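**Student:** Contents of work.cif (mmCIF, C-alpha atoms):
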data_entry
#
loop_
_atom_site.group_PDB
_atom_site.id
_atom_site.type_symbol
_atom_site.label_atom_id
_atom_site.label_comp_id
_atom_site.auth_asym_id
_atom_site.auth_seq_id
_atom_site.Cartn_x
_atom_site.Cartn_y
_atom_site.Cartn_z
ATOM 1 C CA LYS A 1 114.845 -90.800 257.318
ATOM 2 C CA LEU A 2 113.986 -92.509 254.022
ATOM 3 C CA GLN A 3 110.307 -91.561 254.202
ATOM 4 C CA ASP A 4 111.363 -87.996 255.019
ATOM 5 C CA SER A 5 113.651 -87.811 251.986
ATOM 6 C CA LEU A 6 110.973 -89.309 249.734
ATOM 7 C CA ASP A 7 108.343 -86.796 250.853
ATOM 8 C CA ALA A 8 110.860 -83.986 250.348
ATOM 9 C CA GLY A 9 111.546 -85.203 246.814
ATOM 10 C CA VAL A 10 107.862 -85.489 245.942
ATOM 11 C CA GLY A 11 107.443 -81.945 247.224
ATOM 12 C CA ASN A 12 110.398 -80.811 245.129
ATOM 13 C CA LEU A 13 108.609 -82.195 242.071
ATOM 14 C CA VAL A 14 105.068 -80.919 242.702
ATOM 15 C CA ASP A 15 105.332 -77.748 244.789
ATOM 16 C CA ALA A 16 104.980 -74.289 243.238
ATOM 17 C CA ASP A 17 107.032 -71.180 244.032
ATOM 18 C CA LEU A 18 104.410 -68.795 245.409
ATOM 19 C CA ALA A 19 106.398 -65.558 244.997
ATOM 20 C CA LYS A 20 106.580 -65.974 241.220
ATOM 21 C CA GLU A 21 102.871 -66.789 241.238
ATOM 22 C CA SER A 22 102.030 -63.647 243.214
ATOM 23 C CA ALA A 23 104.024 -61.617 240.699
ATOM 24 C CA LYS A 24 102.159 -63.346 237.866
ATOM 25 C CA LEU A 25 98.856 -62.485 239.560
ATOM 26 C CA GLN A 26 99.854 -58.836 239.960
ATOM 27 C CA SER A 27 100.690 -58.734 236.252
ATOM 28 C CA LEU A 28 97.554 -60.539 235.077
ATOM 29 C CA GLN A 29 95.246 -58.254 237.078
ATOM 30 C CA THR A 30 96.521 -55.171 235.249
ATOM 31 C CA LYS A 31 96.501 -57.053 231.942
ATOM 32 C CA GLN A 32 92.836 -57.953 232.444
ATOM 33 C CA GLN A 33 91.896 -54.378 233.348
ATOM 34 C CA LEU A 34 93.722 -52.973 230.321
ATOM 35 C CA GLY A 35 91.918 -55.540 228.187
ATOM 36 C CA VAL A 36 88.549 -54.493 229.582
ATOM 37 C CA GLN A 37 89.310 -50.866 228.732
ATOM 38 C CA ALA A 38 90.542 -51.947 225.290
ATOM 39 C CA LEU A 39 87.258 -53.724 224.591
ATOM 40 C CA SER A 40 85.381 -50.686 225.914
ATOM 41 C CA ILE A 41 87.240 -48.542 223.377
ATOM 42 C CA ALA A 42 86.564 -51.098 220.633
ATOM 43 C CA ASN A 43 82.834 -51.035 221.389
ATOM 44 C CA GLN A 44 82.623 -47.310 220.542
ATOM 45 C CA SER A 45 84.090 -47.506 217.024
ATOM 46 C CA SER A 46 80.659 -47.530 215.354
ATOM 47 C CA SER A 47 79.566 -44.264 216.999
ATOM 48 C CA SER A 48 81.117 -42.128 214.241
ATOM 49 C CA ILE A 49 78.462 -43.337 211.770
ATOM 50 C CA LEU A 50 75.686 -41.281 213.394
ATOM 51 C CA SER A 51 77.466 -38.038 212.470
ATOM 52 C CA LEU A 52 77.323 -39.017 208.786
ATOM 53 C CA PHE A 53 73.521 -38.689 208.747
ATOM 54 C CA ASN B 1 130.152 -115.556 268.243
ATOM 55 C CA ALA B 2 128.316 -112.529 269.650
ATOM 56 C CA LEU B 3 130.600 -110.087 267.836
ATOM 57 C CA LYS B 4 130.158 -112.163 264.680
ATOM 58 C CA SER B 5 126.366 -111.948 264.923
ATOM 59 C CA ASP B 6 126.611 -108.181 265.431
ATOM 60 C CA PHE B 7 128.842 -107.844 262.362
ATOM 61 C CA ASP B 8 126.457 -109.863 260.196
ATOM 62 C CA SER B 9 123.459 -107.843 261.381
ATOM 63 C CA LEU B 10 125.308 -104.647 260.477
ATOM 64 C CA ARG B 11 126.155 -105.844 256.963
ATOM 65 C CA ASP B 12 122.554 -107.001 256.453
ATOM 66 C CA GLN B 13 121.418 -103.512 257.437
ATOM 67 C CA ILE B 14 123.874 -102.136 254.877
ATOM 68 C CA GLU B 15 122.285 -104.292 252.197
ATOM 69 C CA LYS B 16 118.859 -102.999 253.219
ATOM 70 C CA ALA B 17 119.867 -99.330 253.275
ATOM 71 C CA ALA B 18 121.683 -99.650 249.949
ATOM 72 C CA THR B 19 118.944 -101.542 248.106
ATOM 73 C CA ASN B 20 116.117 -99.293 249.281
ATOM 74 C CA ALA B 21 117.587 -95.964 248.071
ATOM 75 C CA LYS B 22 115.407 -95.446 244.994
ATOM 76 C CA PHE B 23 113.417 -92.545 243.566
ATOM 77 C CA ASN B 24 110.941 -92.896 240.675
ATOM 78 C CA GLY B 25 112.170 -96.452 240.196
ATOM 79 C CA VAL B 26 115.808 -95.489 239.569
ATOM 80 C CA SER B 27 118.812 -95.387 241.879
ATOM 81 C CA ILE B 28 122.276 -93.882 241.479
ATOM 82 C CA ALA B 29 123.752 -95.721 244.486
ATOM 83 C CA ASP B 30 122.583 -99.358 244.200
ATOM 84 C CA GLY B 31 124.627 -100.355 241.135
ATOM 85 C CA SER B 32 121.625 -101.059 238.899
ATOM 86 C CA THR B 33 123.011 -98.792 236.153
ATOM 87 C CA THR B 34 126.270 -97.151 235.092
ATOM 88 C CA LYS B 35 125.060 -93.531 234.971
ATOM 89 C CA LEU B 36 122.033 -91.229 235.001
ATOM 90 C CA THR B 37 121.906 -88.400 232.449
ATOM 91 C CA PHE B 38 119.524 -85.476 232.995
ATOM 92 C CA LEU B 39 118.474 -82.715 230.614
ATOM 93 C CA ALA B 40 120.813 -79.719 230.667
ATOM 94 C CA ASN B 41 119.790 -77.468 227.762
ATOM 95 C CA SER B 42 117.044 -76.829 225.222
ATOM 96 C CA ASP B 43 118.878 -78.742 222.463
ATOM 97 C CA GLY B 44 118.790 -81.986 224.470
ATOM 98 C CA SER B 45 122.355 -81.937 225.797
ATOM 99 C CA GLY B 46 122.544 -83.849 229.064
ATOM 100 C CA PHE B 47 124.044 -83.557 232.533
ATOM 101 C CA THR B 48 125.823 -86.824 233.362
ATOM 102 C CA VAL B 49 125.980 -88.186 236.921
ATOM 103 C CA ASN B 50 128.131 -91.300 237.257
ATOM 104 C CA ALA B 51 126.764 -94.029 239.511
ATOM 105 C CA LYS B 52 128.564 -94.606 242.824
ATOM 106 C CA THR B 53 127.646 -98.062 244.094
ATOM 107 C CA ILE B 54 127.557 -97.966 247.897
#
Turn the structure described in the file into C-alpha cells.

**Tutor:**
Amino acid sequence: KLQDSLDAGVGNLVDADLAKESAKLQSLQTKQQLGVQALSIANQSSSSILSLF
Amino acid sequence: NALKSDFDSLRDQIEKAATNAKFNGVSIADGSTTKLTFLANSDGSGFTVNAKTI
C-alpha cells in the first residue's frame, strides 16, 4: 500500500492533464496558420513600389 | 506470554508504519515537525496543515 501511494503521489506531481493540452494544441494550430498568412501578407508590402515607375 | 508477544509485534508494526509515512523527505504524521505550510496565493500567503502525530 505504501509503494502504491508513493507512485500515485509521484504521478500527481509529474503527470499532465491531456485535455487542456489538446485544447492548447487546437489553439496553437490556428495561431500558427494565422501567423503564416500574416507573414505572407507582410511579404507583399514592397509590391506597391513597381507602380511608382 | 503468547498474547504478550502478539501485542509487542503489533506495536512494533505500528512504529514501522508510522515512521515510514514520508513524502519528499517530510511527514505530517510522524511528529518530526509541528506543521506544514503550503502556498495558497500569489502573494505568498500559506495554507497551514497542523501535524497529527500517529

**Student:** Select residues of chain B: the criterion is any atom within 12 Å of an atom of chain A, counting all atoms listed in the file; output as a PDB file with C-alpha atoms, in the frame of the given file.

**Tutor:**
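Output contents, as saved in result.pdb:
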ATOM      1  CA  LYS B  16     118.859-102.999 253.219  1.00  0.00           C
ATOM      2  CA  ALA B  17     119.867 -99.330 253.275  1.00  0.00           C
ATOM      3  CA  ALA B  18     121.683 -99.650 249.949  1.00  0.00           C
ATOM      4  CA  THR B  19     118.944-101.542 248.106  1.00  0.00           C
ATOM      5  CA  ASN B  20     116.117 -99.293 249.281  1.00  0.00           C
ATOM      6  CA  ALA B  21     117.587 -95.964 248.071  1.00  0.00           C
ATOM      7  CA  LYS B  22     115.407 -95.446 244.994  1.00  0.00           C
ATOM      8  CA  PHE B  23     113.417 -92.545 243.566  1.00  0.00           C
ATOM      9  CA  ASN B  24     110.941 -92.896 240.675  1.00  0.00           C
ATOM     10  CA  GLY B  25     112.170 -96.452 240.196  1.00  0.00           C
TER      11      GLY B  25
END

**Student:** Just how far from atom CA of residue B:30 is atom CA of residue B:9, in Å to one decimal?

**Tutor:**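 Between atom CA of residue B:9 and atom CA of residue B:30 the gap is 19.2 Å.
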
**Student:** On this structure, the PyMOL selection byres ((chain B and resi 35) around 12) would catch which residues? List them as number ranges by chain, sorted by chain and number.

**Tutor:** B: 26-34, 36-38, 46-53

**Student:** Edge lengths and centre in Å to one decimal, as AutoDock Vina command-line options, of the axis-aligned box that encloses all listed atoms of stretch 42-46 of chain A with 8 Å added on every side?

**Tutor:**
--center_x 83.6 --center_y -49.2 --center_z 218.4 --size_x 21.9 --size_y 19.8 --size_z 22.0

**Student:** To one decimal place in Å, what is the distance between atom CA of residue A:25 and atom CA of residue A:37?

**Tutor:**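 These atoms are spaced 18.5 Å apart.
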
**Student:** Mind pulling up the distance from atom CA of residue A:4 to atom CA of residue B:13?

**Tutor:**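 Going from atom CA of residue B:13 over to atom CA of residue A:4, I get 18.6 Å.
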
**Student:** Complete the atoms of stretch 12-46 of chain A to N, CA and C atoms and put them out as an mmCIF file, in the coordinates of the input.

**Tutor:**
data_model
loop_
_atom_site.group_PDB
_atom_site.id
_atom_site.type_symbol
_atom_site.label_atom_id
_atom_site.label_comp_id
_atom_site.auth_asym_id
_atom_site.auth_seq_id
_atom_site.Cartn_x
_atom_site.Cartn_y
_atom_site.Cartn_z
ATOM 1 N N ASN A 12 109.550 -81.509 246.087
ATOM 2 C CA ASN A 12 110.398 -80.811 245.129
ATOM 3 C C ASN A 12 109.853 -80.939 243.715
ATOM 4 N N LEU A 13 109.203 -82.061 243.402
ATOM 5 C CA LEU A 13 108.609 -82.195 242.071
ATOM 6 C C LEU A 13 107.294 -81.432 241.921
ATOM 7 N N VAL A 14 106.415 -81.451 242.926
ATOM 8 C CA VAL A 14 105.068 -80.919 242.702
ATOM 9 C C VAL A 14 104.901 -79.461 243.125
ATOM 10 N N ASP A 15 105.624 -79.030 244.155
ATOM 11 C CA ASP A 15 105.332 -77.748 244.789
ATOM 12 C C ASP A 15 105.631 -76.575 243.860
ATOM 13 N N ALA A 16 104.816 -75.530 243.982
ATOM 14 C CA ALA A 16 104.980 -74.289 243.238
ATOM 15 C C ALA A 16 105.709 -73.244 244.076
ATOM 16 N N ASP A 17 106.362 -72.307 243.388
ATOM 17 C CA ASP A 17 107.032 -71.180 244.032
ATOM 18 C C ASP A 17 106.054 -70.011 244.076
ATOM 19 N N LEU A 18 105.521 -69.730 245.267
ATOM 20 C CA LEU A 18 104.410 -68.795 245.409
ATOM 21 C C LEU A 18 104.775 -67.343 245.124
ATOM 22 N N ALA A 19 106.042 -66.948 245.274
ATOM 23 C CA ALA A 19 106.398 -65.558 244.997
ATOM 24 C C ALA A 19 106.285 -65.241 243.509
ATOM 25 N N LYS A 20 106.760 -66.150 242.656
ATOM 26 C CA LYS A 20 106.580 -65.974 241.220
ATOM 27 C C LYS A 20 105.107 -65.957 240.848
ATOM 28 N N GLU A 21 104.293 -66.751 241.541
ATOM 29 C CA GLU A 21 102.871 -66.789 241.238
ATOM 30 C C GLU A 21 102.167 -65.513 241.677
ATOM 31 N N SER A 22 102.593 -64.924 242.797
ATOM 32 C CA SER A 22 102.030 -63.647 243.214
ATOM 33 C C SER A 22 102.411 -62.542 242.239
ATOM 34 N N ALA A 23 103.643 -62.587 241.721
ATOM 35 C CA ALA A 23 104.024 -61.617 240.699
ATOM 36 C C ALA A 23 103.207 -61.809 239.426
ATOM 37 N N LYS A 24 102.956 -63.066 239.055
ATOM 38 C CA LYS A 24 102.159 -63.346 237.866
ATOM 39 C C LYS A 24 100.721 -62.875 238.049
ATOM 40 N N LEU A 25 100.194 -62.990 239.270
ATOM 41 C CA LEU A 25 98.856 -62.485 239.560
ATOM 42 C C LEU A 25 98.807 -60.967 239.475
ATOM 43 N N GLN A 26 99.819 -60.293 240.030
ATOM 44 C CA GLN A 26 99.854 -58.836 239.960
ATOM 45 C C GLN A 26 99.968 -58.347 238.525
ATOM 46 N N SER A 27 100.636 -59.113 237.660
ATOM 47 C CA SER A 27 100.690 -58.734 236.252
ATOM 48 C C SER A 27 99.360 -58.995 235.550
ATOM 49 N N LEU A 28 98.766 -60.164 235.794
ATOM 50 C CA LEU A 28 97.554 -60.539 235.077
ATOM 51 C C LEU A 28 96.362 -59.676 235.470
ATOM 52 N N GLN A 29 96.330 -59.161 236.703
ATOM 53 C CA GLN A 29 95.246 -58.254 237.078
ATOM 54 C C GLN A 29 95.252 -57.008 236.200
ATOM 55 N N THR A 30 96.414 -56.358 236.086
ATOM 56 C CA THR A 30 96.521 -55.171 235.249
ATOM 57 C C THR A 30 96.301 -55.500 233.780
ATOM 58 N N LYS A 31 96.741 -56.679 233.333
ATOM 59 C CA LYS A 31 96.501 -57.053 231.942
ATOM 60 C C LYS A 31 95.010 -57.208 231.666
ATOM 61 N N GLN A 32 94.274 -57.793 232.615
ATOM 62 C CA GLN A 32 92.836 -57.953 232.444
ATOM 63 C C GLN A 32 92.123 -56.607 232.454
ATOM 64 N N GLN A 33 92.546 -55.688 233.326
ATOM 65 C CA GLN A 33 91.896 -54.378 233.348
ATOM 66 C C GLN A 33 92.181 -53.589 232.073
ATOM 67 N N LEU A 34 93.422 -53.647 231.577
ATOM 68 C CA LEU A 34 93.722 -52.973 230.321
ATOM 69 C C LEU A 34 92.958 -53.599 229.167
ATOM 70 N N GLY A 35 92.725 -54.913 229.218
ATOM 71 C CA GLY A 35 91.918 -55.540 228.187
ATOM 72 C C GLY A 35 90.461 -55.139 228.252
ATOM 73 N N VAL A 36 89.927 -54.958 229.460
ATOM 74 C CA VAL A 36 88.549 -54.493 229.582
ATOM 75 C C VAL A 36 88.412 -53.082 229.024
ATOM 76 N N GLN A 37 89.371 -52.200 229.329
ATOM 77 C CA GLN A 37 89.310 -50.866 228.732
ATOM 78 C C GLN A 37 89.530 -50.902 227.222
ATOM 79 N N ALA A 38 90.345 -51.837 226.731
ATOM 80 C CA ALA A 38 90.542 -51.947 225.290
ATOM 81 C C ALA A 38 89.262 -52.381 224.591
ATOM 82 N N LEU A 39 88.543 -53.346 225.169
ATOM 83 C CA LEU A 39 87.258 -53.724 224.591
ATOM 84 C C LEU A 39 86.234 -52.604 224.712
ATOM 85 N N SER A 40 86.297 -51.815 225.788
ATOM 86 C CA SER A 40 85.381 -50.686 225.914
ATOM 87 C C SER A 40 85.640 -49.650 224.828
ATOM 88 N N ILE A 41 86.911 -49.453 224.471
ATOM 89 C CA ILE A 41 87.240 -48.542 223.377
ATOM 90 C C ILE A 41 86.808 -49.134 222.041
ATOM 91 N N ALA A 42 86.962 -50.453 221.881
ATOM 92 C CA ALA A 42 86.564 -51.098 220.633
ATOM 93 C C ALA A 42 85.056 -51.058 220.427
ATOM 94 N N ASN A 43 84.288 -51.038 221.515
ATOM 95 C CA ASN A 43 82.834 -51.035 221.389
ATOM 96 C C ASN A 43 82.324 -49.745 220.757
ATOM 97 N N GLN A 44 83.056 -48.646 220.931
ATOM 98 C CA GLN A 44 82.623 -47.310 220.542
ATOM 99 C C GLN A 44 82.947 -46.960 219.095
ATOM 100 N N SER A 45 83.602 -47.857 218.355
ATOM 101 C CA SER A 45 84.090 -47.506 217.024
ATOM 102 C C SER A 45 82.956 -47.181 216.057
ATOM 103 N N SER A 46 81.768 -47.745 216.278
ATOM 104 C CA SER A 46 80.659 -47.530 215.354
ATOM 105 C C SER A 46 79.945 -46.206 215.588
#
